[PDB]
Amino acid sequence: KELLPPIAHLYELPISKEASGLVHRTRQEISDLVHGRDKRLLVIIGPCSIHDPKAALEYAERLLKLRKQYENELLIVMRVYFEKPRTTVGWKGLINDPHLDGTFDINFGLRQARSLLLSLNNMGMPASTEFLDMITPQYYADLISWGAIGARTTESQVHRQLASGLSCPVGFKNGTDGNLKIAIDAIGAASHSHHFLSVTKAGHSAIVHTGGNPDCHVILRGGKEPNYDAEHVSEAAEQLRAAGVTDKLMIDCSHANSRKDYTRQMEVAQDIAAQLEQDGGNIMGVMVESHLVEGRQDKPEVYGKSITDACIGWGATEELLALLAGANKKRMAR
């Protein structure tokens, strides 16, 4: 079927002066955290997945107030995930199936994704996403300040190539059973130049030559056991130094670190807060699964509630952000 190329969506929704400026600078600001030049804490926070742009915009307006408030301690960027990797099968996100009913209206979904990202950046909220597909990025990577490569794809050569050509910093998650070396290796690969086949903005396949991405880091997201504590952070930091790549890392409070219990994301954040207080020198960022309303639901019946992984609600979100900001204020004072 008949896919509109990126240029069609770029013509309807060109990046504005403000969005372009916000993306450019947030990427720069994140590079400084990745390389230990600034000691603010990157916070990637928001829904497991976007299934309703309206709830997403409401969420973003609340989050914007806290982004501003804590701007000296925390660098807040919203989770805006449009592509979801499933264990076997299931809804792959808003792009793949925006009407949430098996109609796979991908043109509508890409348009909605771009429109949401443009609106977010226009309001002052930078955005992040996981890059899962090789073709979808040309539709909206210009509006992304930070990207993730998921646990299920960190070891994949086509995803490392993708990352090597992205203009934003990229986090690589450790593997689903806890393997960190694949992520360390991914930084090596993505940091170098690659030649590979991709698709242009006009929608045609082409040979691209990337320059490499100097702003990649790892993300600790648990395995058979959680890997967020000081002992794990120290082990990982030594392995990063050994490989000659940045030893500054991100810690995901959710997924296999909370072991799929949204109420434990706060516990993880408190452990991180104590590391920042005691030392915490290898930590540059945290990831949190958060929505307007806590929990999850199989069907999109309740507004502002996840249909994928369970999230903390808005009030726990305010608490969690206050805790990290206070803890990092103390770290930054040393």
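When you see a residue number, it is the position in the sequence shown, counting from 1.
- Note on 139-147 vs 225-233: mean CA B-factor is higher in 225-233.
- Averaged over CA atoms, B-factors in the entry run higher in 319-327 than in the other of 6-14 and 319-327.
- Of the candidates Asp52, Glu58, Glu289, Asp279, it is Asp279 whose Cα B-factor is highest according to the PDB record.
- Within the group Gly171, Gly178, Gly244, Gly93, the record's highest C-alpha temperature factor is found at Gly244.
- When the CA B factors of the chain's modelled residues are split into thirds, the value for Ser31 lands in the highest one.
- When all modelled residues of the chain are sorted by CA temperature factor, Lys84 is found within the lowest third.
- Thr210: CA B factor lies in the middle third for its chain, per the PDB record.
- For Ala310, the recorded CA temperature factor ranks within the lowest third of the chain's modelled residues.
- When the CA B factors of the chain's modelled residues are split into thirds, the value for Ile45 lands in the lowest one.
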